Amino acid sequence: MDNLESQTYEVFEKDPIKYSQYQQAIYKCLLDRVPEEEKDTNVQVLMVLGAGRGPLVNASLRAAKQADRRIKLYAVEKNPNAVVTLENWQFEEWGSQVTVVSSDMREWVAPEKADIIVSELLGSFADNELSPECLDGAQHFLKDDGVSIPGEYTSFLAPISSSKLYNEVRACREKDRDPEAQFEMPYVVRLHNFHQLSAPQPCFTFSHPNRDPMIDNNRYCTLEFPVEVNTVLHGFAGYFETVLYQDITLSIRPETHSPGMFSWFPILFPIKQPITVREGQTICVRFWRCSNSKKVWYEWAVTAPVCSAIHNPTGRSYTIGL
Amino acid sequence: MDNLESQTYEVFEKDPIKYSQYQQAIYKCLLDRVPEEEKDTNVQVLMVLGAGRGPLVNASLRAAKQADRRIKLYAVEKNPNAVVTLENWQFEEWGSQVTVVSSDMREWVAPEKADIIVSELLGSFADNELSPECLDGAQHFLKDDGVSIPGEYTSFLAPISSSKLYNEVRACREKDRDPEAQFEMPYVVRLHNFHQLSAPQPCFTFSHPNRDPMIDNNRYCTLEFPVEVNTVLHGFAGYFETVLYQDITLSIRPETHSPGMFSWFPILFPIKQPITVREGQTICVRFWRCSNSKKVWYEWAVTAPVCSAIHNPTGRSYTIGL
Amino acid sequence: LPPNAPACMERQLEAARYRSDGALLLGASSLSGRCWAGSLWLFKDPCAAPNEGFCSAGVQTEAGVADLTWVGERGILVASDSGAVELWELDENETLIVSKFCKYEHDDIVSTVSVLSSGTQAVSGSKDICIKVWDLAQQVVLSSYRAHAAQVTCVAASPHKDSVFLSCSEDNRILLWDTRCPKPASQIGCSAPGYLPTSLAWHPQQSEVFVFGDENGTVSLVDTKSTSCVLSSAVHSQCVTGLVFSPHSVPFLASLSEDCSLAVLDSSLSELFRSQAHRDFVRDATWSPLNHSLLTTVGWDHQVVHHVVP
Amino acid sequence: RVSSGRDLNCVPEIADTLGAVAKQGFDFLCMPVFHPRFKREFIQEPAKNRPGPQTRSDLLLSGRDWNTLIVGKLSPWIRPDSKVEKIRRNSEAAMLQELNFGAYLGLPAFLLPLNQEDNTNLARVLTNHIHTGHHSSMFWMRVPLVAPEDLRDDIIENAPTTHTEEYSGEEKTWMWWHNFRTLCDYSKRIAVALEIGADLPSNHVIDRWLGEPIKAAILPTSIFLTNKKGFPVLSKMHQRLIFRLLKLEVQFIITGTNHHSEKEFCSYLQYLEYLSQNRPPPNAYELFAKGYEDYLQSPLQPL
Ligand SMILES: O=C(COc1cccc2cccnc12)NC[C@@H](O)CN1CCc2ccccc2C1
Ligand SMILES: O=C(COc1cccc2cccnc12)NC[C@@H](O)CN1CCc2ccccc2C1
Ligand SMILES: C[S@@+](CC[C@H](N)C(=O)[O-])C[C@H]1O[C@@H](n2cnc3c(N)ncnc32)[C@H](O)[C@@H]1O
Ligand SMILES: C[S@@+](CC[C@H](N)C(=O)[O-])C[C@H]1O[C@@H](n2cnc3c(N)ncnc32)[C@H](O)[C@@H]1O
């Protein structure tokens, strides 16, 4: 619902590992779909969905000359300001191998179906940027045997102690809104002065394409965190993992973090009131992913060792616009 | 975006003139579309769009036996709770002459096109309940020569003095929102202790069906109100008129008010700061009707004899959900 | 339409049971609209059902019918919404249906009834969490049991023992009963607690085996002796509401579900047949006594379907 | 005197039933807004497309009758916290639907059970409904003094009822309510419909509920004893509790069928009205303080 600024694309294009990893994913996928004897006769149709300023288009081009295979490219981007950069790239450099499309991927009427869609629509909690809804509304133009890169993503949560961060959240009260709204929204934050109370556990998972007869993106999940010190719960760190293609992955889950990748910090889900946990106790939390035709949001509650209020009932404090 | 309560349909079904007027509109329209020699051979397809608890379906049925003409009826209603009443009416009474459809008129895939759509989706300022957007998304199932009842509606504004109402608005400050938000939204109100500073003037107008190649429902209009006493401007009364069919109309504009019709009170557009007007001066006001794919809203400003702030920039204080 | 018979039949068909002579017993409720009631019907011509004009007999009941069963050849035992268990007697001519007793003994909807082997007693189950043993001759409750901790879903009498029956509840228990014991119920089922039990049928020969269906669409076969679950299959994609064995020597098992389908399984729970003929919930099945390959299902779509089973 | 309602889970014709219970003496009726057995389906074809009406029409009663005489009840198959995903989803949608209908009708109150430990999702759904428009109407949670599992007969050979000491366990039910109400952020719209059983639990368990928002107490016919002349009455203990509840001015609700057959349903009621008329008249302090109970004031500051 907003458009990213030029300098925001700039900082993130500087990631070594993210794009090299996508190149390698596109590389392998091509080889698996067009055999050596077909190399000159089979031109794969590749679509980059939300192409920003083009690094994924370049990484597609590099993957095809590394696979020695042939590709047609579509670069769909809804941010018309980035569409400026793309259109200047395609006139000055790419030539007509790349068709730049300025529209929303849920709307675009595609002149042909794709062999592979490539997208990077992922937030620190995987699906919190609405990658599911975006790709769902695009998949109708993926061929029946089509590949989505990414194929899969999974979110994770771990409970944390940190009075520093609790206090930073509390300090985010604004005038003219609920005095406790600060506490009912997730923050991207480089968690530093904190204690992680239990190992992360998988939360929500999405697969692409989605072969469900009825597609439902809503979710309810219940996590039990064995805790073995005494402490105070202040929130939940979220992280994610995604399968780009086969064994090629991206991760910010500490146990399997992609080395050198700085593109995503962890996410923080606060709770309104600190809760005392004792050694030996289980922290039980519950997360829901919710939606309208207009917006998507999370709601969460702790149900053990003590209960909290349900956070963000109705998206009253935070939603993500569709 | 909300569903009306049972008792709300109840109070308004009690209006003598509104439905009698719709009956007469449907009556005339049938006669004009099916000639005497066709009376038994031509069955008109009639669609009530937003049928509530059915009074417009009954008024359609009474119009056809008054025209001695034959009709098939569809009763489309999105409020599933009212759809309860409709479905019990159609089993107990109407029989299969009426097909009750529980869906949004913008969504419904109609099994056939209509001769006439009937709707009552009108607010005190005509289009402030989104009658345009609703009917626009329905018209694709109106036959090429199809009639919409209503065919037309027009809003009106007049400037008013009233310190009583100014004070009533001011008293609507709530916690947890802009301290001046009260002033950036229209109120349905039976204007009583007030002074009307100038004759009402037409504001926005819509026609149905809409034969525009590109349909645009947004509007900008500039009104000049000659004022001939000294006073203080506190707001703008809105009213409306609509052509149901030909000469059959409904109106809450005082000069042409439909006698006995209590279904709509006037609407009030406040302004943040009272403005002093002198005898001989012109009050200039400006109204915009604005939209998203998600919402519709008004913004207004006074530009003479002095300027105000633009009210409701962006729908920051009030929108109507699509 | 016969005398005393209602002109119209309640939309939601709940029960279908063939008498030995081959005539069809139908129970139906009105689960929506103004009047929430129920009715009982007899069809000597089974192919004429559900048309009310071509019935042998018919009658209105005060409240809906949650469950049904034949007592003998003329008795109809009814689980009512009203809290009542009622016995309806058939006519001498068999052309009208007459209330013999209506007992208001349960505190909530009576949801299940079964007739015990002799034919002189019955057990009912309610949402009121109770299970009750009836003397049909005396028109009284002999025994009242609060074994369960949530509403009762199904009660089934053993084929041959007046004092043995199965029950199953939303409290996750299947109870094997034997009223000869000081403590009558005994908790039975698979090793691990699973999905809630929703339907039961004894095997008509191996009087120590039963099947049970769960809320997840799985039909499972239990042995009381070895007191553990032998076989299981994922039959349905929604809860299993009924299980009916065929009259055959080695019997087939009809499986019916809220997934709107009928399935027919062999001894090993393998699929022989499946029918989507219904377009709403399938509530009952009976096998023709006259033609052992003929099977009748009814639904909330008001269809009475006669299936031919290989 | 005593405001009291009848709890029914079977209503063949609304007009008639309401008349019957009104004649019987009751102030209000608690009943289903959809047929309790009428399990609906929201996702999977074809049951999804089940032709309507989905329930009985609002026209069947006056606006005033709906506003004042009727308390809705959630359909008992709605299980938002079931372990089966398809049941959970239908239940969410069904709960919204029945909740929206009650609000559409303008019902003053609406009943929902807490009949197990985990009601997280029920809470989430209700909290959502609560924050979808601002309305006045109450949600009565129907909770028992004693949990069904701890009330059952000791009649399972291989699953005996535990006769040992359980101070905490006998309060499980309060925790069910405590947790639910915490999750729902103490909404003023959620109150207790306390279900009383044949066996009163220990006095401490009746201590728990002391300061809680009890708006109704549910009396099953099952718990009444019989006097010499066959009228329904209550054990001394149950009277004590009633007297405590009268002091808190809850509404009383009779549930279940008539078991004292040679008497009308109005006899249960007549006993209650007897109990309240037979309570000590308020002292002079209690007459003065009457309108002020839990009314919060600023202290006076005459300096
Ligand atoms: O994890 C973070 C880190 O946030 C930041 C961290 C540091 C500097 C930032 C400057 C501008 C915006 N965000 C910044 N943000 C959320 C997550 O969506 C990051 N992705 C990373 C990938 C990417 C690629 C192109 C354009 C934007 C993005 C944003
Ligand atoms: O002009 C008014 C008068 O408002 C009211 C005035 C008096 C009592 C009311 C009670 C409930 C709701 N609104 C009331 N409202 C705005 C306008 O949309 C009225 N229309 C009038 C037509 C109509 C028909 C059916 C259902 C609703 C409506 C509402
Ligand atoms: C996080 S960025 C990544 C940009 C680029 N692929 C990169 O890695 O530098 C996601 C991009 O997708 C675009 N986008 C998001 N949703 C879209 C949609 N539904 N249709 C088209 N573009 C979309 C955004 O505007 C943004 O530029
Ligand atoms: C103001 S009411 C009038 C009801 C009825 N015609 C009458 O005069 O009593 C408008 C009705 O239209 C329904 N409605 C509004 N927008 C709709 C849409 N887009 N599709 C279907 N129904 C709609 C509303 O729910 C409401 O019941």
# chains A, B, ... in the order shown; residues from 1 in each chain; ligands from 1
$ residues_near_ligand --ligand "ligand 4" --cutoff "7 Å" --atoms "only C-alpha atoms and all ligand atoms" --output "list in words"
residues 3, 4, 9, 12, 13, 49, 50, 51, 52, 53, 54, 55, 56, 76, 77, 78, 79, 82, 103, 104, 105, 106, 119, 120, 121, 122 and 134 of chain B
$ calpha_fit_and_write --fixed "chain B" --moving "chain A" --output "compact mmCIF listing (two decimals) with C-alpha atoms, in the first residue's frame"
# COMPACT_ATOMS: atom_id res chain seq x y z
CA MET A 1 -19.55 -2.62 5.57
CA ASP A 2 -22.02 -2.97 8.47
CA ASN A 3 -25.31 -4.83 8.56
CA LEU A 4 -28.46 -2.95 9.48
CA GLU A 5 -30.39 -4.17 12.55
CA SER A 6 -33.88 -5.66 12.35
CA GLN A 7 -35.41 -2.68 14.20
CA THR A 8 -33.81 -0.30 11.74
CA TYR A 9 -35.52 -1.90 8.80
CA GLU A 10 -38.66 -1.90 10.95
CA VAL A 11 -38.81 1.88 11.60
CA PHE A 12 -38.19 2.75 7.93
CA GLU A 13 -40.62 0.23 6.42
CA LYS A 14 -43.24 2.38 8.18
CA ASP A 15 -42.86 5.24 5.66
CA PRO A 16 -46.05 5.81 3.71
CA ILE A 17 -44.76 7.85 0.80
CA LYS A 18 -41.41 6.16 -0.02
CA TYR A 19 -42.79 2.80 -1.10
CA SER A 20 -46.02 4.15 -2.69
CA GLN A 21 -43.78 6.31 -4.79
CA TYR A 22 -41.63 3.30 -5.83
CA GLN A 23 -44.79 1.32 -6.66
CA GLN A 24 -45.93 4.15 -8.94
CA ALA A 25 -42.46 4.30 -10.53
CA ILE A 26 -42.44 0.58 -11.28
CA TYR A 27 -46.07 0.82 -12.44
CA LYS A 28 -45.37 3.49 -15.13
CA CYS A 29 -42.12 1.86 -16.25
CA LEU A 30 -43.80 -1.48 -16.95
CA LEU A 31 -46.50 0.16 -19.09
CA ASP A 32 -43.84 1.93 -21.15
CA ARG A 33 -41.93 -1.27 -21.85
CA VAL A 34 -44.71 -3.80 -22.54
CA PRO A 35 -47.66 -2.77 -24.78
CA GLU A 36 -51.22 -3.99 -24.16
CA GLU A 37 -51.06 -6.53 -27.01
CA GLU A 38 -48.02 -8.10 -25.26
CA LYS A 39 -49.38 -8.14 -21.72
CA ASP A 40 -49.65 -11.95 -21.45
CA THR A 41 -46.64 -12.79 -23.64
CA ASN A 42 -44.02 -10.45 -22.16
CA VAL A 43 -42.71 -11.23 -18.70
CA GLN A 44 -40.40 -8.43 -17.48
CA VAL A 45 -37.31 -9.41 -15.44
CA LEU A 46 -37.19 -7.22 -12.32
CA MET A 47 -34.24 -7.08 -9.88
CA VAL A 48 -34.42 -5.50 -6.44
CA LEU A 49 -30.86 -4.62 -5.44
CA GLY A 50 -30.43 -4.46 -1.68
CA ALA A 51 -33.90 -5.76 -0.89
CA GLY A 52 -33.65 -5.54 2.91
CA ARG A 53 -36.74 -7.30 4.34
CA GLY A 54 -38.71 -7.12 1.04
CA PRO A 55 -40.95 -4.03 0.93
CA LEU A 56 -39.56 -3.14 -2.53
CA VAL A 57 -40.26 -6.72 -3.65
CA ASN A 58 -43.83 -6.34 -2.43
CA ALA A 59 -44.04 -2.96 -4.10
CA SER A 60 -42.84 -4.57 -7.30
CA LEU A 61 -45.48 -7.27 -7.03
CA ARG A 62 -48.18 -4.65 -6.41
CA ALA A 63 -46.99 -2.58 -9.35
CA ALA A 64 -47.24 -5.54 -11.73
CA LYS A 65 -50.80 -6.51 -10.73
CA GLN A 66 -51.70 -2.81 -11.04
CA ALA A 67 -50.14 -2.62 -14.48
CA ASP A 68 -51.66 -6.01 -15.21
CA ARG A 69 -48.24 -7.12 -16.47
CA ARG A 70 -46.06 -10.13 -15.75
CA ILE A 71 -42.71 -10.09 -13.92
CA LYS A 72 -39.93 -12.35 -12.73
CA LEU A 73 -38.24 -11.04 -9.57
CA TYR A 74 -34.76 -11.32 -8.10
CA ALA A 75 -34.19 -10.11 -4.54
CA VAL A 76 -30.47 -9.51 -3.99
CA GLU A 77 -29.43 -8.66 -0.42
CA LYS A 78 -25.98 -8.84 1.18
CA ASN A 79 -27.09 -8.60 4.80
CA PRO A 80 -27.45 -12.33 5.53
CA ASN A 81 -29.63 -11.53 8.56
CA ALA A 82 -32.18 -9.79 6.34
CA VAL A 83 -31.74 -12.62 3.83
CA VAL A 84 -33.32 -14.69 6.61
CA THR A 85 -36.52 -12.60 6.45
CA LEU A 86 -36.53 -12.60 2.63
CA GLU A 87 -36.12 -16.38 2.41
CA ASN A 88 -38.96 -16.91 4.88
CA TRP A 89 -41.12 -14.49 2.83
CA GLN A 90 -40.36 -16.37 -0.37
CA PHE A 91 -41.23 -19.79 1.04
CA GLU A 92 -44.35 -18.71 2.94
CA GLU A 93 -45.78 -16.23 0.44
CA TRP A 94 -44.02 -15.14 -2.72
CA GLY A 95 -43.41 -18.62 -4.15
CA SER A 96 -40.95 -18.99 -7.05
CA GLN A 97 -41.92 -15.73 -8.72
CA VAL A 98 -39.13 -14.33 -6.47
CA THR A 99 -35.57 -15.74 -6.47
CA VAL A 100 -33.87 -14.62 -3.24
CA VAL A 101 -30.13 -14.03 -3.77
CA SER A 102 -27.82 -13.73 -0.80
CA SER A 103 -24.78 -11.83 -2.12
CA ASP A 104 -23.23 -8.47 -2.88
CA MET A 105 -24.64 -6.89 -6.04
CA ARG A 106 -21.05 -6.09 -7.20
CA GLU A 107 -20.22 -9.80 -7.01
CA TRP A 108 -23.37 -11.70 -8.01
CA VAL A 109 -23.00 -13.51 -11.31
CA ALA A 110 -26.52 -13.12 -12.68
CA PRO A 111 -28.13 -16.04 -14.58
CA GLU A 112 -29.76 -13.50 -16.96
CA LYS A 113 -29.85 -9.73 -17.69
CA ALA A 114 -32.58 -7.46 -16.22
CA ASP A 115 -35.22 -5.23 -17.75
CA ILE A 116 -35.24 -3.05 -14.63
CA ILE A 117 -33.19 -2.86 -11.49
CA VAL A 118 -34.80 -1.33 -8.42
CA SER A 119 -32.68 -0.01 -5.52
CA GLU A 120 -32.91 2.22 -2.53
CA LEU A 121 -29.27 2.80 -1.55
CA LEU A 122 -29.50 6.47 -0.87
CA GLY A 123 -28.36 8.56 2.06
CA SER A 124 -29.34 12.05 3.15
CA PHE A 125 -26.75 13.47 0.77
CA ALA A 126 -27.82 11.13 -2.08
CA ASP A 127 -24.62 9.32 -2.88
CA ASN A 128 -23.10 9.13 0.60
CA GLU A 129 -24.14 5.49 0.97
CA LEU A 130 -22.28 4.55 -2.17
CA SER A 131 -25.31 3.97 -4.40
CA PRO A 132 -23.11 4.90 -7.41
CA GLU A 133 -20.45 2.28 -6.74
CA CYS A 134 -23.01 -0.36 -5.90
CA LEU A 135 -25.11 0.18 -9.01
CA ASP A 136 -22.03 0.58 -11.26
CA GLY A 137 -20.87 -2.89 -10.26
CA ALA A 138 -24.31 -4.30 -11.01
CA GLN A 139 -25.18 -2.60 -14.26
CA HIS A 140 -23.31 -5.20 -16.40
CA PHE A 141 -26.42 -7.36 -15.85
CA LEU A 142 -28.88 -4.68 -16.95
CA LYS A 143 -30.10 -5.17 -20.54
CA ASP A 144 -28.88 -2.63 -23.14
CA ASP A 145 -32.23 -0.80 -23.04
CA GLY A 146 -32.57 -1.45 -19.28
CA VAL A 147 -34.07 0.94 -16.76
CA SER A 148 -32.62 1.75 -13.36
CA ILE A 149 -34.99 2.93 -10.70
CA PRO A 150 -33.77 5.41 -9.48
CA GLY A 151 -32.56 6.91 -12.74
CA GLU A 152 -30.97 9.94 -11.16
CA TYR A 153 -30.07 11.68 -7.94
CA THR A 154 -28.71 15.11 -6.98
CA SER A 155 -27.27 16.47 -3.69
CA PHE A 156 -27.70 19.99 -2.37
CA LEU A 157 -26.02 22.23 0.15
CA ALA A 158 -27.02 25.39 1.97
CA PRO A 159 -24.87 27.26 4.51
CA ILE A 160 -26.27 27.51 8.02
CA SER A 161 -25.86 29.45 11.19
CA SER A 162 -26.29 27.56 14.43
CA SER A 163 -24.25 27.93 17.50
CA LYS A 164 -26.36 25.21 19.14
CA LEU A 165 -25.22 22.63 16.53
CA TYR A 166 -21.69 23.95 16.38
CA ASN A 167 -21.65 23.25 20.09
CA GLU A 168 -23.18 19.83 19.73
CA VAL A 169 -20.46 18.89 17.21
CA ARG A 170 -17.69 20.29 19.40
CA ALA A 171 -19.03 18.18 22.22
CA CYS A 172 -18.31 15.03 20.16
CA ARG A 173 -14.59 14.94 20.95
CA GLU A 174 -13.45 11.39 21.84
CA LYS A 175 -10.30 10.10 23.50
CA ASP A 176 -7.73 8.27 21.34
CA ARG A 177 -8.32 10.19 18.12
CA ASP A 178 -7.66 13.62 16.58
CA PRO A 179 -9.14 16.27 18.95
CA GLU A 180 -10.79 17.94 15.97
CA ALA A 181 -11.90 14.81 14.11
CA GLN A 182 -15.58 15.54 15.23
CA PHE A 183 -15.52 18.41 12.77
CA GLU A 184 -14.43 16.43 9.76
CA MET A 185 -17.45 14.17 9.32
CA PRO A 186 -21.09 14.66 8.28
CA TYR A 187 -23.98 14.09 10.71
CA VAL A 188 -27.50 13.01 9.92
CA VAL A 189 -29.46 15.39 12.13
CA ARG A 190 -32.98 16.86 12.22
CA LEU A 191 -31.82 20.45 11.95
CA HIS A 192 -33.94 22.43 14.41
CA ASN A 193 -32.34 25.40 16.24
CA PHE A 194 -30.53 26.84 13.20
CA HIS A 195 -30.61 29.60 10.60
CA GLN A 196 -30.32 28.82 6.91
CA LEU A 197 -28.10 31.46 5.36
CA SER A 198 -28.81 30.89 1.62
CA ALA A 199 -30.99 28.85 -0.78
CA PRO A 200 -29.74 25.24 -1.31
CA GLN A 201 -27.75 24.67 -4.49
CA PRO A 202 -27.14 21.46 -6.43
CA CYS A 203 -23.88 19.76 -5.55
CA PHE A 204 -23.18 16.29 -7.03
CA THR A 205 -25.25 14.39 -9.54
CA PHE A 206 -25.31 10.74 -10.66
CA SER A 207 -27.25 8.99 -13.45
CA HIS A 208 -28.08 5.29 -13.83
CA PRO A 209 -27.13 3.36 -15.89
CA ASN A 210 -23.84 5.13 -16.47
CA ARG A 211 -23.04 5.26 -20.18
CA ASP A 212 -19.59 6.87 -19.60
CA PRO A 213 -16.78 5.06 -21.48
CA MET A 214 -14.60 5.63 -18.43
CA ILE A 215 -16.71 5.76 -15.28
CA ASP A 216 -15.46 8.30 -12.75
CA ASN A 217 -17.41 8.84 -9.50
CA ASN A 218 -15.08 11.47 -8.04
CA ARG A 219 -16.24 15.05 -8.10
CA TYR A 220 -15.15 18.60 -7.43
CA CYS A 221 -17.77 21.37 -7.24
CA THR A 222 -17.69 25.08 -6.34
CA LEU A 223 -20.70 26.83 -4.82
CA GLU A 224 -21.37 30.51 -4.34
CA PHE A 225 -23.93 31.44 -1.71
CA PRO A 226 -25.19 35.03 -1.76
CA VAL A 227 -25.84 35.99 1.83
CA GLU A 228 -27.84 39.06 2.91
CA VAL A 229 -27.70 39.25 6.71
CA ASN A 230 -24.76 39.41 9.06
CA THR A 231 -24.09 36.14 10.86
CA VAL A 232 -21.70 33.30 11.64
CA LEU A 233 -21.27 30.20 9.45
CA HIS A 234 -21.10 26.97 11.42
CA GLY A 235 -21.78 24.41 8.71
CA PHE A 236 -23.59 23.17 5.64
CA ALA A 237 -26.93 21.38 5.60
CA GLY A 238 -27.09 18.77 2.84
CA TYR A 239 -30.24 17.38 1.21
CA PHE A 240 -30.99 15.45 -1.94
CA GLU A 241 -33.42 14.86 -4.79
CA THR A 242 -33.87 11.76 -6.92
CA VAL A 243 -35.79 10.83 -10.04
CA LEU A 244 -37.20 7.40 -9.36
CA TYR A 245 -38.94 7.29 -12.79
CA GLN A 246 -39.89 10.22 -15.05
CA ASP A 247 -41.98 12.59 -12.91
CA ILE A 248 -42.05 10.35 -9.90
CA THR A 249 -39.56 11.72 -7.38
CA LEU A 250 -38.38 11.71 -3.82
CA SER A 251 -37.01 14.80 -2.11
CA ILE A 252 -35.84 16.15 1.27
CA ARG A 253 -34.82 19.50 -0.15
CA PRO A 254 -37.15 21.81 1.82
CA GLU A 255 -38.46 23.72 -1.28
CA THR A 256 -39.74 20.42 -2.82
CA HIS A 257 -39.84 18.08 0.21
CA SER A 258 -41.98 14.95 -0.34
CA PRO A 259 -44.92 15.41 2.00
CA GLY A 260 -45.03 12.99 4.93
CA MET A 261 -41.71 11.30 4.09
CA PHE A 262 -39.73 10.92 7.30
CA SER A 263 -37.14 8.40 6.06
CA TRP A 264 -34.26 10.91 5.69
CA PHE A 265 -33.26 13.72 7.97
CA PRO A 266 -30.92 16.43 6.62
CA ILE A 267 -27.15 15.96 6.83
CA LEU A 268 -24.69 18.33 8.52
CA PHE A 269 -21.24 19.19 7.32
CA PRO A 270 -19.54 21.15 10.16
CA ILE A 271 -16.52 23.45 9.86
CA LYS A 272 -13.70 23.60 12.52
CA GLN A 273 -13.93 27.35 13.03
CA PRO A 274 -17.00 29.59 12.89
CA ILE A 275 -16.62 32.20 10.16
CA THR A 276 -18.14 35.67 10.31
CA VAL A 277 -20.07 36.65 7.21
CA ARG A 278 -21.39 40.17 6.54
CA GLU A 279 -24.53 41.20 4.74
CA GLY A 280 -23.86 41.46 1.01
CA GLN A 281 -21.01 38.92 1.05
CA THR A 282 -20.77 35.63 -0.84
CA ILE A 283 -19.97 32.40 0.96
CA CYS A 284 -17.88 30.24 -1.34
CA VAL A 285 -17.53 26.58 -0.48
CA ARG A 286 -15.90 23.68 -2.30
CA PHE A 287 -16.76 20.06 -2.03
CA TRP A 288 -14.90 17.05 -3.30
CA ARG A 289 -16.07 13.48 -3.52
CA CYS A 290 -13.01 11.23 -3.28
CA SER A 291 -12.12 7.54 -3.51
CA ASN A 292 -9.89 4.51 -3.19
CA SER A 293 -10.62 1.01 -4.26
CA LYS A 294 -11.37 0.65 -0.52
CA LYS A 295 -13.29 3.78 0.51
CA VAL A 296 -15.16 6.93 -0.52
CA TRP A 297 -15.17 10.23 1.37
CA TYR A 298 -15.90 13.94 1.09
CA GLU A 299 -13.47 16.83 1.64
CA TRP A 300 -14.70 20.42 1.80
CA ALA A 301 -13.38 23.97 2.29
CA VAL A 302 -14.73 27.50 2.46
CA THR A 303 -12.80 29.92 0.32
CA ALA A 304 -14.93 33.07 0.85
CA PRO A 305 -15.45 35.48 2.44
CA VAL A 306 -12.46 34.00 4.24
CA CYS A 307 -10.73 30.59 3.92
CA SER A 308 -10.91 27.53 6.13
CA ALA A 309 -8.68 24.54 6.43
CA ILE A 310 -9.45 21.77 3.99
CA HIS A 311 -11.65 19.35 5.96
CA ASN A 312 -11.07 15.60 6.03
CA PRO A 313 -7.95 15.62 3.78
CA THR A 314 -7.35 11.98 2.82
CA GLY A 315 -10.37 10.61 4.74
CA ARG A 316 -8.26 10.94 7.85
CA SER A 317 -11.36 11.49 10.05
CA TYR A 318 -14.15 9.76 8.07
CA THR A 319 -14.58 7.42 5.09
CA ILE A 320 -17.33 5.09 3.84
CA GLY A 321 -16.12 1.54 3.25
CA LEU A 322 -16.34 -0.14 -0.18
$ residues_around --residues "stretch 303-305 of chain C" --least-positions-apart "5" --cutoff "10 Å" --atoms "only C-alpha atoms" --output "PyMOL selection string"
chain C and resi 11-13+16+26+46-51+275+277-280+282+284-285+295-298
$ closest_residue --among "D:66, D:268, D:167, D:186" --to "chain A" --atoms "only C-alpha atoms"
D:186
$ select_by_dssp --residues "stretch 25-211 of chain C" --states "strand (DSSP E)" --output "ChimeraX atom specification"
/C:25-29,38-43,57-61,65-71,75-80,84-90,97-104,110-115,121-126,131-135,140-145,152-157,164-169,174-178,185-188,197-202,209-211
$ interface_residues --of "chain D" --to "chain A" --cutoff "10 Å" --atoms "only C-alpha atoms" --output "PyMOL selection string"
chain D and resi 43-44+85+88+118+120-121+123-132+178-186
$ interface_residues --of "chain C" --to "chain D" --cutoff "9 Å" --atoms "only C-alpha atoms" --output "ChimeraX atom specification"
/C:30-37,62-64,66,81-83,104-109,127-129,145-150,171,175,181-187,195,215-216,238,258-260,278-281,300-301
$ select_by_dssp --residues "stretch 7-161 of chain D" --states "helix (DSSP H, G or I)" --output "PyMOL selection string"
chain D and resi 14-24+47-49+58-60+63-69+85-105+120-130+148-150
$ residues_around --residues "residue D:293" --least-positions-apart "4" --cutoff "10 Å" --atoms "only C-alpha atoms" --output "list in words"
residues 248, 286 and 289 of chain D
$ write_last_selection --atoms "N, CA and C atoms" --output "PDB file, in the first residue's frame"
ATOM      1  N   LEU D 248     -26.989 -10.365  45.737  1.00  0.00           N
ATOM      2  CA  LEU D 248     -26.294  -9.879  44.556  1.00  0.00           C
ATOM      3  C   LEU D 248     -27.251  -9.604  43.392  1.00  0.00           C
ATOM      4  N   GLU D 286     -29.062  -0.394  54.784  1.00  0.00           N
ATOM      5  CA  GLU D 286     -29.250  -1.072  53.492  1.00  0.00           C
ATOM      6  C   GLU D 286     -30.303  -0.408  52.608  1.00  0.00           C
ATOM      7  N   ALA D 289     -28.288   2.869  51.421  1.00  0.00           N
ATOM      8  CA  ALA D 289     -27.176   2.541  50.542  1.00  0.00           C
ATOM      9  C   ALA D 289     -27.637   1.869  49.263  1.00  0.00           C
TER      10      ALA D 289
END
$ residues_around --residues "stretch 239-248 of chain C" --least-positions-apart "2" --cutoff "9 Å" --atoms "only C-alpha atoms" --output "NGL selection string"
:C and (197-204 or 211-219 or 235-237 or 250-259 or 282-289 or 292-293 or 295)
